[PDB]
Amino acid sequence: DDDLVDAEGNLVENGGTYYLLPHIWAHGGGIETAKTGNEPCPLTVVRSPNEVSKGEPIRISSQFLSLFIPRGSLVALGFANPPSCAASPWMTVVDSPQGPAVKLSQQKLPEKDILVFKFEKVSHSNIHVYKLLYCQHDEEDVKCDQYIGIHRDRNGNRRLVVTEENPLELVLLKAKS
């Protein structure tokens, strides 16, 4: 099984909320949302530039009713408290000229569209660190080797998108009740 482990050494609970913090303190803070481009509201998933900030608590769920999450299972990431305008708390990946980007949606999407992430163990580390993989849809299946990284746009928003270098390396801190 080899279940995902959180920042404090305890197994990650399937469906539990966690702050997705960068391994390296300097990289910034937690995950949030921001209104960018032509969006009518905060639909762009970004990383806070402030270290002291833990971002939004994020629910991490697989497609099973298991208590924990085996390392190779696909996961969906949703905000515990999504911005009012999103139809559901779940993140999804949307194509574009710039490339695939993590966004929220104004409509409820099918599971196959939100269960597109996968955490990957970062080797050479004492605390459990994980890269965040994006899993596209080949035929009817899926495949993940594209990593999610950060792209700072013209206004300083550190948008989460698929990048080819400097992928996110997170630790999952358990959010409080």
# chains A, B, ... in the order shown; residues from 1 in each chain; ligands from 1
>>> closest_atom_pairs(of="range 80-120 of chain A", to="range 3-8 of chain A", cutoff="12 Å", atoms="only C-alpha atoms", output="tab-separated table")
residue	atom	partner	partner_atom	distance
A:118	CA	A:4	CA	10.6
A:119	CA	A:4	CA	8.1
A:120	CA	A:4	CA	9.0
>>> write_last_selection(atoms="N, CA and C atoms", output="PDB file, in the first residue's frame")
ATOM      1  N   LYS A 118      -2.010  13.192  -8.610  1.00  0.00           N
ATOM      2  CA  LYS A 118      -1.340  12.070  -7.975  1.00  0.00           C
ATOM      3  C   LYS A 118      -0.101  12.593  -7.273  1.00  0.00           C
ATOM      4  N   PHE A 119       0.043  12.269  -5.994  1.00  0.00           N
ATOM      5  CA  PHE A 119       1.203  12.703  -5.228  1.00  0.00           C
ATOM      6  C   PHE A 119       2.345  11.703  -5.435  1.00  0.00           C
ATOM      7  N   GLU A 120       3.570  12.212  -5.545  1.00  0.00           N
ATOM      8  CA  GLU A 120       4.731  11.358  -5.746  1.00  0.00           C
ATOM      9  C   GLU A 120       5.847  11.639  -4.750  1.00  0.00           C
TER      10      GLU A 120
END
>>> residues_around(residues="residue 24 in chain A", least_positions_apart="3", cutoff="9 Å", atoms="only C-alpha atoms", output="list in words")
residues 21, 27, 28, 169 and 170 of chain A
>>> select_by_dssp(residues="range 58-108 of chain A", states="strand (DSSP E or B)", output="VMD selection string")
chain A and resid 58 to 61 68 70 75 to 79 90 92 to 94 101 to 103
>>> atom_distance(atom1="CA of residue 36 in chain A", atom2="CA of residue 81 in chain A")
19.0 Å
>>> select_by_dssp(residues="range 18-174 of chain A", states="helix (DSSP H, G or I)", output="PyMOL selection string")
chain A and resi 25-27+111-114
>>> write_last_selection(atoms="C-alpha atoms", output="PDB file, in the first residue's frame")
ATOM      1  CA  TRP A  25      10.249  27.539   3.669  1.00  0.00           C
ATOM      2  CA  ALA A  26      11.438  30.237   1.263  1.00  0.00           C
ATOM      3  CA  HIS A  27       9.223  29.055  -1.617  1.00  0.00           C
ATOM      4  CA  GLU A 111     -15.285  12.881 -11.427  1.00  0.00           C
ATOM      5  CA  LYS A 112     -13.002  11.912 -14.290  1.00  0.00           C
ATOM      6  CA  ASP A 113     -12.217  15.626 -14.611  1.00  0.00           C
ATOM      7  CA  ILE A 114     -11.327  16.295 -10.967  1.00  0.00           C
TER       8      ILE A 114
END
>>> residues_around(residues="residue 134 in chain A", least_positions_apart="6", cutoff="7 Å", atoms="only C-alpha atoms", output="list in words")
residues 116, 117, 118, 144, 146, 147 and 148 of chain A
>>> atom_distance(atom1="CA of residue 151 in chain A", atom2="CA of residue 34 in chain A")
13.4 Å
>>> closest_residue(among="A:37, A:89, A:16, A:9", to="residue 159 in chain A", atoms="only C-alpha atoms")
A:37
>>> closest_residue(among="A:162, A:86, A:41, A:172", to="residue 54 in chain A", atoms="only C-alpha atoms")
A:172
>>> closest_residue(among="A:158, A:124, A:176, A:103", to="residue 30 in chain A", atoms="only C-alpha atoms")
A:158
>>> residues_around(residues="residue 68 in chain A", least_positions_apart="3", cutoff="12 Å", atoms="only C-alpha atoms", output="list in words")
residues 1, 2, 3, 4, 5, 6, 10, 11, 12, 13, 14, 15, 16, 60, 61, 62, 63, 64, 65, 71, 72, 73 and 75 of chain A
>>> closest_residue(among="A:85, A:161, A:177, A:130", to="residue 97 in chain A", atoms="only C-alpha atoms")
A:161
>>> residues_around(residues="residue 80 in chain A", least_positions_apart="2", cutoff="8 Å", atoms="only C-alpha atoms", output="mmCIF file with N, CA, C and O atoms, in the first residue's frame")
data_model
loop_
_atom_site.group_PDB
_atom_site.id
_atom_site.type_symbol
_atom_site.label_atom_id
_atom_site.label_comp_id
_atom_site.auth_asym_id
_atom_site.auth_seq_id
_atom_site.Cartn_x
_atom_site.Cartn_y
_atom_site.Cartn_z
ATOM 1 N N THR A 17 -8.637 17.250 5.476
ATOM 2 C CA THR A 17 -8.141 18.536 4.990
ATOM 3 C C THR A 17 -6.705 18.782 5.423
ATOM 4 O O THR A 17 -6.347 18.525 6.563
ATOM 5 N N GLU A 56 -5.236 27.729 2.160
ATOM 6 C CA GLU A 56 -6.553 27.196 2.469
ATOM 7 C C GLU A 56 -6.485 25.728 2.839
ATOM 8 O O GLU A 56 -5.646 24.984 2.324
ATOM 9 N N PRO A 57 -7.337 25.289 3.770
ATOM 10 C CA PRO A 57 -7.255 23.862 4.077
ATOM 11 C C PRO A 57 -7.817 23.167 2.835
ATOM 12 O O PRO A 57 -8.846 23.575 2.300
ATOM 13 N N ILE A 58 -7.129 22.142 2.357
ATOM 14 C CA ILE A 58 -7.564 21.450 1.157
ATOM 15 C C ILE A 58 -7.890 19.986 1.407
ATOM 16 O O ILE A 58 -7.111 19.253 2.013
ATOM 17 N N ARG A 59 -9.066 19.579 0.944
ATOM 18 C CA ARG A 59 -9.520 18.215 1.105
ATOM 19 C C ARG A 59 -8.870 17.350 0.039
ATOM 20 O O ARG A 59 -8.920 17.665 -1.150
ATOM 21 N N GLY A 78 -9.885 19.604 -3.228
ATOM 22 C CA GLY A 78 -10.914 20.618 -3.148
ATOM 23 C C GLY A 78 -10.758 21.544 -1.964
ATOM 24 O O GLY A 78 -10.295 21.134 -0.907
ATOM 25 N N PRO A 82 -14.434 26.927 -0.578
ATOM 26 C CA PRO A 82 -14.229 27.490 -1.913
ATOM 27 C C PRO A 82 -14.852 28.866 -2.066
ATOM 28 O O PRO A 82 -15.736 29.242 -1.298
ATOM 29 N N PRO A 89 -16.140 22.603 -4.602
ATOM 30 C CA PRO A 89 -14.798 22.910 -4.105
ATOM 31 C C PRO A 89 -13.636 22.300 -4.891
ATOM 32 O O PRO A 89 -12.478 22.646 -4.657
#
>>> residues_around(residues="residue 90 in chain A", least_positions_apart="6", cutoff="8 Å", atoms="only C-alpha atoms", output="list in words")
residues 76, 77, 78, 79, 104, 105 and 114 of chain A
>>> atom_distance(atom1="CA of residue 88 in chain A", atom2="CA of residue 52 in chain A")
27.4 Å
>>> decode(residues="range 44-90 of chain A", atoms="C-alpha atoms", output="PDB file, in the first residue's frame")
ATOM      1  CA  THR A  44      -7.245  30.442 -10.511  1.00  0.00           C
ATOM      2  CA  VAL A  45      -5.435  28.224  -8.004  1.00  0.00           C
ATOM      3  CA  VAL A  46      -2.348  30.012  -6.707  1.00  0.00           C
ATOM      4  CA  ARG A  47       0.313  29.792  -4.031  1.00  0.00           C
ATOM      5  CA  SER A  48       0.473  32.488  -1.391  1.00  0.00           C
ATOM      6  CA  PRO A  49       3.697  34.534  -1.505  1.00  0.00           C
ATOM      7  CA  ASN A  50       3.697  34.760   2.310  1.00  0.00           C
ATOM      8  CA  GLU A  51       5.492  32.031   4.262  1.00  0.00           C
ATOM      9  CA  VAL A  52       3.617  32.670   7.477  1.00  0.00           C
ATOM     10  CA  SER A  53       0.459  31.810   5.502  1.00  0.00           C
ATOM     11  CA  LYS A  54      -0.725  28.208   5.448  1.00  0.00           C
ATOM     12  CA  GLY A  55      -3.130  28.816   2.594  1.00  0.00           C
ATOM     13  CA  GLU A  56      -6.553  27.196   2.469  1.00  0.00           C
ATOM     14  CA  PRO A  57      -7.255  23.862   4.077  1.00  0.00           C
ATOM     15  CA  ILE A  58      -7.564  21.450   1.157  1.00  0.00           C
ATOM     16  CA  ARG A  59      -9.520  18.215   1.105  1.00  0.00           C
ATOM     17  CA  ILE A  60      -7.589  15.327  -0.435  1.00  0.00           C
ATOM     18  CA  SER A  61      -9.696  12.393  -1.659  1.00  0.00           C
ATOM     19  CA  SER A  62      -9.150   9.250  -3.721  1.00  0.00           C
ATOM     20  CA  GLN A  63     -12.021   7.487  -5.511  1.00  0.00           C
ATOM     21  CA  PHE A  64     -12.287   4.847  -2.799  1.00  0.00           C
ATOM     22  CA  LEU A  65     -13.840   4.666   0.646  1.00  0.00           C
ATOM     23  CA  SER A  66     -10.514   3.541   2.188  1.00  0.00           C
ATOM     24  CA  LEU A  67      -9.315   5.229   5.384  1.00  0.00           C
ATOM     25  CA  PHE A  68      -6.024   6.283   3.838  1.00  0.00           C
ATOM     26  CA  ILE A  69      -4.419   6.872   0.483  1.00  0.00           C
ATOM     27  CA  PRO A  70      -2.037   4.390  -1.208  1.00  0.00           C
ATOM     28  CA  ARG A  71       0.816   6.349  -2.838  1.00  0.00           C
ATOM     29  CA  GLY A  72      -0.149   5.510  -6.415  1.00  0.00           C
ATOM     30  CA  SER A  73      -3.845   6.392  -6.272  1.00  0.00           C
ATOM     31  CA  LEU A  74      -5.356   9.299  -8.179  1.00  0.00           C
ATOM     32  CA  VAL A  75      -6.662  12.125  -6.021  1.00  0.00           C
ATOM     33  CA  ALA A  76      -8.978  15.090  -6.210  1.00  0.00           C
ATOM     34  CA  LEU A  77      -8.176  18.331  -4.396  1.00  0.00           C
ATOM     35  CA  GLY A  78     -10.914  20.618  -3.148  1.00  0.00           C
ATOM     36  CA  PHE A  79     -11.039  23.741  -1.030  1.00  0.00           C
ATOM     37  CA  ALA A  80     -12.720  23.262   2.326  1.00  0.00           C
ATOM     38  CA  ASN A  81     -14.085  26.787   1.819  1.00  0.00           C
ATOM     39  CA  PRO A  82     -14.229  27.490  -1.913  1.00  0.00           C
ATOM     40  CA  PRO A  83     -14.953  30.979  -3.230  1.00  0.00           C
ATOM     41  CA  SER A  84     -18.707  31.558  -3.495  1.00  0.00           C
ATOM     42  CA  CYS A  85     -18.781  31.458  -7.303  1.00  0.00           C
ATOM     43  CA  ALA A  86     -17.314  27.964  -7.769  1.00  0.00           C
ATOM     44  CA  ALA A  87     -20.018  25.298  -8.189  1.00  0.00           C
ATOM     45  CA  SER A  88     -17.994  22.765  -6.187  1.00  0.00           C
ATOM     46  CA  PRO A  89     -14.798  22.910  -4.105  1.00  0.00           C
ATOM     47  CA  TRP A  90     -12.903  20.735  -6.597  1.00  0.00           C
TER      48      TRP A  90
END
